[PDB]
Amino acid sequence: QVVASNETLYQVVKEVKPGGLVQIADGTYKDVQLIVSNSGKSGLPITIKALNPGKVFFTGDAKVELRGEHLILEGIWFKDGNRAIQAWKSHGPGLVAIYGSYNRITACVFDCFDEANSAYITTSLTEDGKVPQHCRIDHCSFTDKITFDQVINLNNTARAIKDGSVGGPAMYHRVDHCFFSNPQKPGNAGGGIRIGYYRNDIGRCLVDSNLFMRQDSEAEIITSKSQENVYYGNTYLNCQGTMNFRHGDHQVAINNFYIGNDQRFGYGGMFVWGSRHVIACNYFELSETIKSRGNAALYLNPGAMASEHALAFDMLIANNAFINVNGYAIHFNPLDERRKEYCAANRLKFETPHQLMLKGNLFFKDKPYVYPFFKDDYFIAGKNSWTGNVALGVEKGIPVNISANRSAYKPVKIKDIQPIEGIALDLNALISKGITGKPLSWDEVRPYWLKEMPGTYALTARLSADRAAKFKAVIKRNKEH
């Protein structure tokens, strides 16, 4: 039914049956506490949407909880929030918290909501430990987040100082066609998306066709902290950070675009920890790279095997293209001094990247940047395997013989890569095709009903005066008195 007030919405949501449709009349729903515990069924979801997307606003001290299964939340604009700062925490439920499986949040706008620290959307475990699976977050816009924690957290374990061989279960969520543009916070402040927490966690989440444009929240654009997540066809434009395989072996990144097109800040880029990954057909063209990380497009982590800062080794880096990167194309030992400290403290064995299969990559430069293509201060003949790559435009920086014949360049055919269970993508086919398409634009991911890109940061790298004042207050209360 159509509802026009918080009270009537609360009532209809308690009565709605599978296949039901709840439509919210044009208006502002201030301090709305939407809790949906009922469930739809496969083929008969329950849909809660704005009757006219773009005309419904959830504001004030609001909260949405999707506890039932087979629910769809659509066309809501979240703004002008006012949740209690003493009542929300990073690592807790998001403004929208998804506790049930088979749920979808689509075509929603989250714009500088408020000053309470938390994610904008989370999949969250219920108190009895049940983990939501098979959810989808798509065609949503997340802009000007001025609070700590990631924009989205996909959880399969409760936060804990951890380290027991037990890990969270596979989630099988998908985050697609979302837009992310958010300002830089200080320190380990929470980035764009976090999936899982530690290496024993299994993710199997698909993150595809998203546009991160000045997603600058913190060092990590995405901190992928679980095994077997697949990142396909995402565009990272002028982002002050790197997309990371932080924890969890056997992760996949195929055909993503990492573009930096001005000199305003250092951009990224990928920082990789762990082994057995598949990093293929990605395109890196970065006008400026990140000094603090080591000035590179692809950073391969040195350290102790399978540790808290797991050594990057035994993986396939294929058919990628590094075009005019103003930094190293690949840095084989970033932050090595800190990693030696971590290894010494825990009495672990410090090692450097090896057993890498670098096949069919193109390294090209025709702009006056000064960086050789590679940095490997621990180079050892034969530790890595290089085949079918092409390098031209600047010295390589390491003693490896690579063809300089650009005209003869061709991505390599690969057919031995196992697909990820639960994710319908033919990795062999995609990798063998080489790099397809081009960077995604706002019109390719925007909510169907929204023409104008929201936010003040994406196009300017600066929050408007009002939002900057609120951001300043959030930052100040989170630090030392």
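Start at 1 with the first residue shown and count on from there.
- Stretches 374-382 and 92-100 differ in mean C-alpha B factor, with the higher average recorded for 374-382.
- Taking the mean C-alpha B-factor of each stretch as recorded, 146-154 and 127-135 are not equal, and the higher mean is that of 127-135.
- Comparing C-alpha B-factors across 22, 461, 468, 25 in the deposited entry, the largest value falls on 461.
- Highest CA B-factor among the listed residues (333, 403, 234, 227): 403.
- The entry lists a Cα temperature factor for residue 440 that places it in the middle third of the chain's modelled residues.
- When all modelled residues of the chain are sorted by CA temperature factor, residue 245 is found within the lowest third.
- In the PDB entry, residue 56 places in the lowest third of its chain by CA B-factor.
- Sort the chain's modelled residues by C-alpha temperature factor and residue 396 lands in the highest third, per the entry.
- Looking at the C-alpha B-factors along this chain, the one for residue 185 belongs to the middle third.
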